[PDB]
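Below is one structure. I have some questions about it.
Lettering of chains follows the sequences in order, A, B, ..., and the numbering in each one begins at 1.
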Amino acid sequence: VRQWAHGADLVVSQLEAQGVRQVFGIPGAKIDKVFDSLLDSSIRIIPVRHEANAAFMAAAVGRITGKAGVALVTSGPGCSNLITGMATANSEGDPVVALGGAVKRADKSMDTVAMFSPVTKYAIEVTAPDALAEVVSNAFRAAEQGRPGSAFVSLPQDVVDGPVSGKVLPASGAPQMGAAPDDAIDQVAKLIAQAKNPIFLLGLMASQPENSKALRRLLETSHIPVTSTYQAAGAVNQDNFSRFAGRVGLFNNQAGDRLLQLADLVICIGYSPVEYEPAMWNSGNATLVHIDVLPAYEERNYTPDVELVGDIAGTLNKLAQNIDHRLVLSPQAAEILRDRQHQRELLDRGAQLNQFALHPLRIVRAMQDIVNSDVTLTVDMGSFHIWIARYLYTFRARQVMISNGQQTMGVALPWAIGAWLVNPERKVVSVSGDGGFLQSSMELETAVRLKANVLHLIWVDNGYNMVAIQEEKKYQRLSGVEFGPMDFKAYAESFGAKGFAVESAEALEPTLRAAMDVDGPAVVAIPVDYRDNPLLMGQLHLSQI
Amino acid sequence: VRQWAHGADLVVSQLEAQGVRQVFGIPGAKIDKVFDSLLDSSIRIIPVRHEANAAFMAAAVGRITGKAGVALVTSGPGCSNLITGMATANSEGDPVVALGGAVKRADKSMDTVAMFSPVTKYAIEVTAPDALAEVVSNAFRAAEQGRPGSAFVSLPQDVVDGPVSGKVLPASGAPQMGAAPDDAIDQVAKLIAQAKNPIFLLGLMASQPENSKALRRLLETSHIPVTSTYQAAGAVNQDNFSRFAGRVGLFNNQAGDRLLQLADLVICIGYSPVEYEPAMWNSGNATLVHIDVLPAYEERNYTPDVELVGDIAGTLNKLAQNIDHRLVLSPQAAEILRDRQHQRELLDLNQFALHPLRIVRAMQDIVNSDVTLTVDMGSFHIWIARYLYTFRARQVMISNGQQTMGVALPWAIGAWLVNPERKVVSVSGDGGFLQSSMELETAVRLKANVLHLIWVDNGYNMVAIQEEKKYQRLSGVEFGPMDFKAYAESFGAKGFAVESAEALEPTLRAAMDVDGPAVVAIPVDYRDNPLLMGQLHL
Amino acid sequence: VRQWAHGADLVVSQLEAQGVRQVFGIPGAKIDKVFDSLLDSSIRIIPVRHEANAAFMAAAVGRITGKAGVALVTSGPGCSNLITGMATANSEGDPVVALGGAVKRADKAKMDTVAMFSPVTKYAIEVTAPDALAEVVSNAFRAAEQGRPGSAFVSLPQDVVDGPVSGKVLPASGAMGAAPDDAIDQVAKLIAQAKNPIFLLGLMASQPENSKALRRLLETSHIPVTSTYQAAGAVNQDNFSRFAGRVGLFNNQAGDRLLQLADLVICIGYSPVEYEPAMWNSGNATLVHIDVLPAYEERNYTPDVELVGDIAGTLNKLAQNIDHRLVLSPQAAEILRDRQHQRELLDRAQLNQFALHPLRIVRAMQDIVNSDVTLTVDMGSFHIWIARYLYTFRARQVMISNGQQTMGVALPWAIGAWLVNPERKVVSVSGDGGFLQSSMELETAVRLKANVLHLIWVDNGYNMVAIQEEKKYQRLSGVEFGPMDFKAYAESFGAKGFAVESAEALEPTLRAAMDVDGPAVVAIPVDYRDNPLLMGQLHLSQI
Ligand SMILES: CC1=C(CCOP(=O)(O)OP(=O)(O)O)S[C@@]2([C@H](C)O)Nc3nc(C)ncc3CN12
Ligand SMILES: CC1=C(CCOP(=O)(O)OP(=O)(O)O)S[C@@]2([C@H](C)O)Nc3nc(C)ncc3CN12
Ligand SMILES: CC1=C(CCOP(=O)(O)OP(=O)(O)O)S[C@@]2([C@H](C)O)Nc3nc(C)ncc3CN12
Ligand SMILES: [Mg+2]
Ligand SMILES: [Mg+2]
Ligand SMILES: [Mg+2]
């Protein structure tokens with residue numbers, strides 16, 4: 001153990017032991033010592049314009065690196081401004097550690113710990129300087145292990161400013177967890193051998209890098225059909241697996257659901273019912289196998305017949321080793337996949353789509369032209385989200401951040417900035433509506449300052465369309481969903497970022513290509529015609545719900 | 001899936017599915033439908049006299065069977081009376097599911113979920129009748145899996161009285177993880193090789209029945225020294241392992257601690273820092289290996305260099321299969337155990353009131369491998385712990401991190417119900433005896449073959465001596481005397497009162513022969529306590 | 001300010017400033033310094049045998065004195081054992097301050113007592129800084145005794161009470177004035193136009209600071225009065241001929257009929273939690289709220305006129321604005337007359353069966369309970385019998401209100417009540433179920449030489465629960481247990497024990513037990529067969 005003049009120095013050392021490359025936040029009196037101590041560290045300080053976005057950026061870092069992104073804010077409003085961001089990260093399973101300042105212990109005030117407990121996996125306040133290092137260290141453990149999530153640590157001003165005696169705690173990382181029991185694995189390998197219509201249902205954990213190779217090997221060896229929840233949207237896609245059946249949870253005409261209904265054997269990997277209500281795919285007819293790092297969060301419509309708890313990669317590798325031949329699709333299974341093939345042909349169409357304001361399909365097509373396996377795509381919440389989700393099978397991004405159970409608007413730009421910082425040599429494209437855009441557009445200054453290579457696209461309709469269409473379907477009239485217009489091109493330029501405004505369908509691709517080629521932040525406003533949205537909304541489960 | 005006329009019926013079916021054999025509790029208006037439904041069930045309804053004891057009894061059932069014991073109480077005071085008991089169960093790792101009534105949803109109020117959250121692993125209220133069965137099922141999952149604990153389920157009256165649609169969720173039981181990875185086991189087997197002063201620190205999980213054979217197998221093939229926390233007090237004892245270094249956490253003269261400080265390699269099995277402060281034994285200079293069903297609960301003095309998570313039995317069996325030679329003790333290692341040797345020797349009285357040691361010795365003579373012993377909290381607890389090495393009981397319930405008095409008798413009753421053919425001996429002081437003695441009526445009614453021993457000093461000695469040490473004067477630790485023999489007999493139990501030293505052994509022998517509840521008052525002289533206290537961590 | 005060697009000395013000093021006469025509790029390592037410091041003060045240390053009872057005893061002290069009773073326990077189980085007791089105190093409005101030990105501040109990093117007590121207290125806080133020690137304790141008392149009284153919990157970290165501290169004792173506050181003149185006049189105008197006015201008395205109307213003023217208001221207005229059980233002692237059938245009984249339990253009370261008939265309902269010191277407004281307020285009458293705190297509005301409780309302030313003052317002023325006594329309307333007179341008929345009929349003939357008939361026991365109890373004695377009642381079927389005949393008990397005070405329906409309260413309430421006025425006798429009554437949950441305090445009673453006579457109605461079961469099950473299911477579950485020799489049980493403590501073996505032995509046994517100067521227990525076998533009749537008079541049966 002070493003002698004520290006400031007708890008803050010210990011905190012910084014603990015952060016470095018974790019391998020933190022940057023911290024996102026806004027300084028304040030109660031927490032400025034930590035900001036100060038970061039000056040003598042290799043950790044980069046990234047000032048944001050609104051704390052909520054520090055949490056969003058941190059979530060992106062966490063999702064990509066598997067190591068928690070870090071947010072640092074002051075007491076009071078500094079902390080309460082993070083709540084939505086922390087809840088979003090926790091619901092999506094993104095590892096995030098937020099260190100928030102607090103009044104001196106003697107002065108204790110806002111009970112932030114009580115406030116964050118509902119939307120975090122871990123929330124604790126350091127009430128003793130000698131606990132400083134372990135509390136911060138355990139924050140990371142909680143955020144990163146098991147089903148990842150967010151963690152909040154409250155840091156009293158006197159504890160961070162005052163001296164402390166203690167040693168840095170080494171970052172343990174992921175424990176060496178055993179695979180599921182061999183006899184249980186052999187039992188599933190046996191079920192697979194006698195299965196006529198098997199299918200893998202992938203959940204969040206299946207999309208983790210740690211399970212990437214294992215998953216690929218298993219799919220390559222068994223050639224068994226795969227469907228995925230939106231949390232696992234990026235685990236597999238139409239272009240890397242011929243038997244991919246799409247993502248389930250949004251649309252009512254997915255081959256994945258048809259295959260789950262036809263299934264005689266369903267194997268869930270890293271899946272939790274929360275990702276997609278079991279009450280909509282599991283009849284209870286097929287033999288259900290649960291594979292994940294934690295026991296099945298058993299439910300009324302989710303009671304596994306065989307539970308394989310343990311290291312997912314380990315289990316999948318062992319399963320792969322006990323599979324002798326590739327599956328021969330039954331007539332029905334093959335028919336379902338052929339249907340999706342035709343279904344995708346119809347969705348793609350060929351067509352000119354030269355109308356203006358632009359048709360969603362024209363925008364989706366132009367977006368697919370600029371997003372390649374070297375580009376990351378982040379998607380906000382709104383009607384455009386549904387359109388993009390409908391065509392996820394045709395995006396070839398290196399990675400796609402779109403899953404958003406809380407349906408939190410404003411996430412795209414911050415997510416993009418966080419993602420770019422992890423791999424600054426690559427480009428990132430973020431897309432949102434005008435409503436979502438204005439909730440986090442203050443970060444455009446941050447992007448300019450960081451010279452982040454991000455292209456942000458705005459689908460402009462001058463309203464909260466996603467809400468409007470639901471009001472209509474239910475009440476046949478609108479309320480609180482329409483607002484005024486804005487000159488988004490001029491808006492973006494006032495930040496010193498490059499701005500574009502699409503005034504015709506013909507200018508779309510050229511504009512996007514130019515904005516993409518810009519070496520730094522760029523914003524493209526795209527007027528959109530949402531009148532066909534009812535057609536798309538007719539393909540949602542909500543329609544039945 | 002079925003259509004149930006009463007949510008209560010589904011709750012009972014789910015309980016049967018869980019294999020519950022009895023429920024401990026006290027009925028009340030809000031929850032009486034569940035009690036009524038149990039009438040048509042194979043589940044035995046066991047009325048207790050105070051809810052807290054329903055939690056204590058359930059804990060004993062859970063500890064032994066690995067399946068959660070069940071408490072059933074009504075709303076308000078019915079549930080608040082369970083708090084201390086649920087906290088004790090959660091602290092000791094005893095699987096307990098408590099079902100508490102609540103006012104109708106429309107009427108909601110006492111926030112029981114909020115009250116129980118701090119002392120349970122799982123606390124939830126059923127606000128949707130269609131979630132009834134799943135909420136109950138998950139209560140058991142949460143209480144029985146990983147490191148076991150207590151779970152609380154709040155059941156609104158309207159929810160259990162009203163109709164419900166659902167199916168009995170099959171009992172999946174705690175999922176079976178696989179042993180830690182082969183590469184991880186090879187790494188540990190290798191550290192044990194590159195180690196000169198290795199030692200096993202056993203925690204709670206190491207004592208679970210599923211790990212008994214694997215543990216013995218690992219100890220026998222490696223012959224590595226072993227020390228345990230009190231939660232793991234029964235994992236290994238002096239007579240079943242030559243290199244046992246005693247239980248650590250109480251006395252300042254234990255070999256386990258010396259060996260831990262000397263160690264260059266410490267392998268913790270089923271251990272959590274809460275069982276024994278790492279600050280007391282881990283300097284950090286020793287390579288630290290963690291083996292448990294769950295990741296390590298790291299802290300300033302507990303950061304495992306190697307962390308293995310998985311089925312403990314499988315992990316230990318495989319580890320044992322990778323060890324080729326028994327350990328040859330180093331000079332200092334043998335020296336330390338040499339000292340414990342002398343220590344044991346020194347540990348191996350007609351005054352009245354009786355001397356603690358006289359009582360302890362008289363107790364060891366009646367407690368055998370067929371007898372379960374439960375120990376309450378008080379000075380007598382320290383004495384019995386000092387000589388734990390010489391007790392040879394079937395099982396010993398003693399770990400009590402919260403130092404909750406009154407646990408002994410109800411623990412004994414719950415333990416007896418699991419194996420009715422055997423005898424149970426419980427020991428407490430007079431203070432602890434009265435906090436839960438109302439259950440003597442329950443014992444007589446059940447004809448529980450339990451022998452309760454009361455060390456009588458007419459005070460709260462364990463607190464008195466701490467005050468004596470610090471202030472040289474006593475406060476609030478002395479109370480009046482009682483006729484415990486008559487007290488017990490008023491319940492229909494057999495009572496005895498040791499009036500002389502010679503009468504001790506004969507009285508206990510006589511009481512042990514009693515086929516049913518029996519109580520023996522034993523006057524004790526605590527004047528020597530200051531001496532024993534000098535052996536505790538200061 | 002001042003320099004203190006131990007935070008504990010400041011606590012004991014703060015308690016003396018509050019006037020605390022004694023402390024109930026069980027010591028432990030984390031809190032023993034406080035018990036030690038108490039050795040040097042005038043404050044008496046009263047060890048109990050179970051912490052729950054320390055809260056029950058403190059509640060009786062607080063209720064009678066108006067000043068918070070004090071419980072002192074150690075950390076962990078010491079604190080969790082108080083919860084039910086603190087909840088019961090809060091629910092009945094009894095001022096109670098509990099001080100629980102806690103682990104050293106530095107060790108608090110590994111039981112969140114503050115969170116566990118918050119749902120059942122008015123005030124729950126932990127001293128996290130020795131400089132806040134005295135104020136936190138002072139504020140605990142202020143919170144418990146002011147406004148509508150309740151329980152307060154204070155967590156004291158061991159290092160804080162053991163370590164030195166700087167600070168001075170904070171004097172006890174105490175105190176509003178009468179409601180506004182305009183208000184009292186507006187109300188008086190409503191009274192002058194009311195044909196069927198009625199006062200509904202709540203908890204605050206029974207506080208001693210209003211016994212005189214209420215008496216005045218009633219004597220000049222002669223308006224009918226009905227009370228919740230929390231205010232059961234505010235007025236009785238004897239000192240006021242237009243008293244309509246306690247409302248909240250039975251479905252045949254004149255109080256309820258007058259409330260439903262009223263064109264003007266004036267609630268004094270009343271909060272909806274004392275008696276569901278959905279049971280008596282249709283909303284037809286003009287509602288006037290008078291209390292030390294604003295009204296706790298709800299669906300069936302929205303006062304058309306709301307007066308907040310010193311009750312005694314307001315009532316004394318309103319009385320001066322009362323022109324003439326009320327001339328009862330025919331319907332009102334008829335309802336009050338029916339209550340008189342009901343009372344005579346309820347008094348029923350010769351019940352000499354054994355086990356004893358509830359009514360025989362009730363009569364015998366009314367005989368020994370005199371106007372000097374305090375009566376405490378536990379929860380169980382006997383409670384309903386006693387409530388039914390509350391009008392015929394003429395005790396100094398009656399502790400019976402129990403919204404939580406918590407069993408085990410009688411004996412400890414009695415012990416606490418006796419300690420406030422040791423020169424008087426206290427009679428406590430419970431069933432065998434409630435008795436065994438707190439009977440460990442019989443040792444405390446013997447040790448204190450408490451002049452308490454505890455009566456046990458014996459049925460060998462939880463009858464109050466059993467009758468509800470019988471009603472709903474035609475069968476019993478979990479409500480029957482074995483018998484006990486209660487005479488020998490009590491004697492084993494060193495108290496006097498009795499067991500009634502025949503009907504004729506009842507009165508002589510009670511007299512003998514009453515004459516005992518110290519703790520006595522009498523077990524009374526009861527035949528609960530007639531309960532269906534009585535239970536049919538409960539709002540519950542109509543539910
Ligand atoms: C208003 C709104 C969304 C935004 C819609 O507008 P644009 O972002 O302009 O998209 P578009 O649908 O008009 O293209 S999502 C949405 C969502 C439907 O629930 N997410 C929200 N997020 C926050 C933080 N507050 C309120 C909502 C409710 N919903
Ligand atoms: C008073 C007391 C104990 C009991 C001592 O008396 P006996 O049970 O008579 O034992 P002995 O020590 O006199 O033999 S333990 C003890 C413990 C030292 O902390 N456990 C407690 N449990 C509850 C539920 N409340 C308070 C305490 C504080 N401590
Ligand atoms: C069991 C019981 C009561 C006691 C009944 O028995 P006795 O006290 O023997 O009275 P008697 O009715 O048999 O005369 S009250 C009663 C009550 C009806 O709700 N209060 C309780 N208090 C606690 C602390 N736990 C559970 C209950 C549920 N109810
Ligand atoms: Mg919009
Ligand atoms: Mg004792
Ligand atoms: Mg009874």
Compare every heavy atom of B:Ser150 with every heavy atom of B:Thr120, then report the nearest pair and how far apart it is.
CB-O, 3.2 Å

What orientation do B:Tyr302 and B:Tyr271 show, parallel under 30°, tilted 30 to 60°, or perpendicular over 60°?
perpendicular

Using the side-chain contact (heavy atoms from CB on, under 4.5 Å) rule, take B:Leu201 and B:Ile267 through it: C-alpha gap first, then chi angles, then the decisive distance, then the call.
CA-CA 6 Å; B:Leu201 174 45; B:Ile267 298 178; over 6 Å; no

List the steps, then state whether side-chain contact (heavy atoms from CB on, under 4.5 Å) holds for B:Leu451 with B:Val514.
CA-CA 8 Å; B:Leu451 171 61; B:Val514 169; over 6 Å; no

Do B:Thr221 and B:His325 meet the criterion of a side-chain donor-acceptor pair at a distance under 3.5 Å?
no

Between B:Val520 and B:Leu508, is any pair of side-chain heavy atoms under 4.5 Å apart?
yes

B:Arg258 to B:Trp281 six-membered ring, cation-pi geometry met (6.0 Å, 45°)
no

Which heavy atom in B:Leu417 sits nearest to a heavy atom in B:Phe24, and how many Å separate them?
CD1-CE2, 3.3 Å

Nearest 0.5 Å, what's the CG-CD distance between B:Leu204 and B:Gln231?
5.0 Å

Flag the pair B:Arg147 and B:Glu275 as a salt bridge only when some basic side-chain nitrogen lies within less than 4.0 angstrom of an acidic carboxylate oxygen.
yes

B:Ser172: which residues meet the side-chain hydrogen bond (donor to acceptor under 3.5 Å, both in side chains) condition with it, sequence neighbours left out?
A:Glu298, B:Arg141

Has B:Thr315 got a side-chain atom pairing as donor or acceptor with B:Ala180's backbone, closer than 3.5 angstrom?
yes

Please evaluate residues B:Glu345 and B:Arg340 with respect to the criterion salt bridge (charged side-chain N to carboxylate O under 4.0 Å, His left out), reporting the C-alpha separation (whole Å), side-chain torsions for both, the decisive distance (0.1 Å), and the verdict.
CA-CA 8 Å; B:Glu345 280 169 41; B:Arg340 181 179 169 75; over 6 Å; no

Go through the side-chain N and O atoms of B:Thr88 and B:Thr404 and say whether any donor and acceptor fall under 3.5 Å apart.
yes

Could you please spell out the steps behind the ring-ring contact (aromatic ring centres under 6.0 Å, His included) verdict for B:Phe433 and B:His452?
CA-CA 9 Å; B:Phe433 174 63; B:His452 189 84; 5.3 Å; yes

To the nearest 0.5 angstrom, please state how far the CG atom of B:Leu373 sits from the CD1 atom of B:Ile398.
7.5 Å

Identify, with sequence neighbours excluded, every residue that meets ring-ring contact (aromatic ring centres under 6.0 Å, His included) alongside B:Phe244.
none

Whether the side chain of B:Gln254 engages the backbone of B:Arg247 through a donor-acceptor N/O pair (distance < 3.5 Å, no angle test) should be reported.
yes

Would you mind reporting whether B:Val289 and B:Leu265 have side-chain heavy atoms less than 4.5 Å apart?
yes

Test item: B:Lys121 side-chain N/O and B:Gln145 main-chain N/O as donor-acceptor pair under 3.5 Å
yes

Heavy-atom pair with the smallest gap, counting every atom of B:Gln466 and C:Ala29:
OE1-CB, 3.2 Å

Heavy atoms, side chains only, cut-off 4.5 Å: are B:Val427 and B:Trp455 in contact?
yes

Aromatic ring centroids of B:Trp383 and B:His355 under 6.0 Å?
yes

Closest approach of B:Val23 to B:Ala71 (non-hydrogen atoms, all atoms of both residues)
CG1-C, 4.3 Å

Taking the side chain as C-beta and beyond, is there a heavy-atom pair between B:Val97 and B:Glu144 under 4.5 Å?
no

Does B:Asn253 have any side-chain hydrogen bond (donor to acceptor under 3.5 Å, both in side chains) partners at least two apart in sequence or in another chain, and if so, which?
B:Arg386, B:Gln535

Would you find a donor on one side and an acceptor on the other, under 3.5 Å apart, between the side chain of B:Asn211 and the backbone of B:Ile312?
no

Treating B:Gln343 as the side-chain partner and B:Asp339 as the backbone partner, does any N or O pair qualify as donor plus acceptor under 3.5 Å?
no

Have B:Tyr276 and B:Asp257 got a donor and an acceptor in their side chains that come within less than 3.5 Å?
yes

Salt bridge check, B:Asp370 against B:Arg394: does any charged N sit closer than 4.0 Å to a carboxylate O?
no

Within the 4.5 Å heavy-atom criterion, are B:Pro517 and B:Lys494 side-chain neighbours or not?
no

How far apart are the closest heavy atoms of B:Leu202 and B:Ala232, and which atoms are they?
O-CB, 3.6 Å

Stepwise side-chain contact (heavy atoms from CB on, under 4.5 Å) test for B:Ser222 and B:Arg326
CA-CA 4 Å; B:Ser222 73; B:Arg326 306 192 89 206; over 6 Å; no

Determine yes or no for a side-chain-to-main-chain donor-acceptor pair under 3.5 angstrom, with B:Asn282 supplying the side chain and B:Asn301 the backbone.
yes

Dump the intermediate steps for side-chain contact (heavy atoms from CB on, under 4.5 Å) on B:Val306 and B:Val188, then the final yes or no.
CA-CA 8 Å; B:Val306 184; B:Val188 176; 4.2 Å; yes

So, taking the atom named OG in B:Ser426 and the one named CH2 in B:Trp411, what distance separates them when rounded to the nearest 0.5 Å?
11.0 Å

Under 4.5 Å between any side-chain heavy atoms of B:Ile269 and B:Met205, yes or no?
no

Close side-chain approach of B:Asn449 to B:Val424, heavy-atom, < 4.5 Å
no

Which pair of heavy atoms, one from B:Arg358 and one from B:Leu349, lies closest together, and at what distance?
NH1-O, 2.8 Å

Is there a side-chain hydrogen bond (donor to acceptor under 3.5 Å, both in side chains) between B:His381 and B:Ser428 once you walk through the steps?
CA-CA 8 Å; B:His381 179 108; B:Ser428 77; over 6 Å; no

Atom NZ of B:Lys318 and atom CD1 of B:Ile323: how far apart are they, to the nearest 0.5 Å?
14.0 Å

Between B:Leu319 and B:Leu218, is there a side-chain heavy-atom distance shorter than 4.5 Å?
yes

Kindly say whether B:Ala54 contributes a backbone atom to a donor-acceptor pair with the side chain of B:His50 at under 3.5 angstrom?
no

Should the heavy atoms of other residues, nucleotides or ligands under 6.0 Å from CZ of B:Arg21 be counted, would the total exceed 12?
no

Does either side chain, that of B:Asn317 or that of B:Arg217, offer a donor lying less than 3.5 Å from an acceptor on the other one?
yes

Yes or no on side-chain hydrogen bond (donor to acceptor under 3.5 Å, both in side chains) for C:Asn81 and B:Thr84, after CA distance, side-chain angles and deciding distance?
CA-CA 6 Å; C:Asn81 272 181; B:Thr84 297; 2.6 Å; yes

Specify whether B:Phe152 and B:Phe116 have parallel, tilted or perpendicular ring planes, treating 30° as the upper limit for parallel and 60° as the lower limit for perpendicular.
parallel

So does B:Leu259 get a backbone contact from the side chain of B:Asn197, meaning a donor-acceptor N/O pair under 3.5 Å?
no

Which distance, rounded to the nearest 0.5 Å, do you find between the NE2 of B:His290 and the CG of B:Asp305?
12.5 Å

So, the side chain of B:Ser207 versus the backbone of B:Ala235: is there a donor-acceptor pair under 3.5 Å, distance only?
no

Within the distance-only criterion (no hydrogens, no angle test), does the side chain of B:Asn461 pair as donor or acceptor with the backbone N or O of B:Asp457 below 3.5 angstrom?
no

Can you measure from CG (B:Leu453) to CD1 (B:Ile359) and round to the nearest 0.5 angstrom?
9.0 Å

